[PDB]
Each structure stands twice: as structure tokens, then as C-alpha cells.
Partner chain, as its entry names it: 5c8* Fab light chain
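Just the one chain here, the form deposited without its partner chain, laid out as C-alpha cells.
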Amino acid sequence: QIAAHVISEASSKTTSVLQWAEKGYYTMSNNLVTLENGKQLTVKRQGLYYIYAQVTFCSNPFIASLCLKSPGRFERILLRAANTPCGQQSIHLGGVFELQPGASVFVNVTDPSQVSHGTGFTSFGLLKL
């Protein structure tokens, strides 16, 4: 069975792209999915994947985005959710998408500083169907 579940970490850099860590409660033994550069999940096998994120952030429009990338292919949106305590809320994204070997999915946000990083807060993962 092919699945990764990965957890948020403060990005350090500039971008809208969230940075993730292999801090999960499961061991992706397989390698059929990998976390590259703490930014993206890259799969090795072609398939129908259920892909998800949860993004927890502080308020005071906020948009999370699940995107798809591949060598030779500009980034492309798969999913987007908008939202309008410390104002704290959650965006959840999830869907089925067909993925090819080498493909990567990643998450990006309008404001990375607003987001809450701990385990239990912001995650991102998938599982092959």
C-alpha cells in the first residue's frame, strides 16, 4: 500500500510554498512516494490517488492551494479553498487525481507567516486507490 503523510514546518525561505517534514506517525517503508526538498510529494507509480491537505492558520482572503508539477510541465492547480483562537481556522482540501510516475504535488498559501506548524495542525498526504 502506497501512502505518505507529512507534517508542516516553518519554511525559513520566502515563498507561498509550504515546507514539510517526515515527522509522521507512519514510516513510508516503500519509497514509492518521497518528500523532495521538503516541498513536494513525488510518486513513482502511475495511479488514482486521493490527495489531501489540511491547513490551519490565524485570521485577521486566505487561500490554500494544491498544485501539480512535473519535469517539463509548469505548475498547475488541482484544488483551491478560500477563507474569510487567534482567529484560528482550517482549510481542507481533498480529491481524486490520476498521477504519473515522476509527478509531484505541493501546497501553497497566500500568507505563510499566518500558518500554524505543529503536528496536529497542518498536514499533507496521499494514498493510492
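Residue numbers count along the first chain shown, from 1. We call the rigid core the largest set of C-alpha positions that still match within 1.5 Å between the two forms.
The same protein has a further form, the form solved in complex with its partner chain, not shown here; the description that follows concerns it.
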Exercise. Can any non-hydrogen atom of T15 be found within 4.5 angstroms of its partner chain in the deposited bound form?
Worked result: no
Seminar exercise, completed: Those residues of 94-114 with a non-hydrogen atom no more than 4.5 Å from its partner chain in the deposited bound form are none
Exercise. Of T34, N37, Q46, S70, which is the single residue whose C-alpha shifts by 2 angstroms or more between this form and the one not shown after core superposition?
Worked result: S70
For this session: Using a rigid core alignment, state whether the CA of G24 is displaced by 2 Å or more between this form and the one not shown.
Result: yes
Exercise. Between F106 and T27, does the Cα distance in the deposited bound form come out closer or farther than in this form, changing by 3 Å or more?
Worked result: closer
Problem set entry | Direction of the Cα shift between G95 and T27 in the deposited bound form, where the change is 3 Å or more | closer
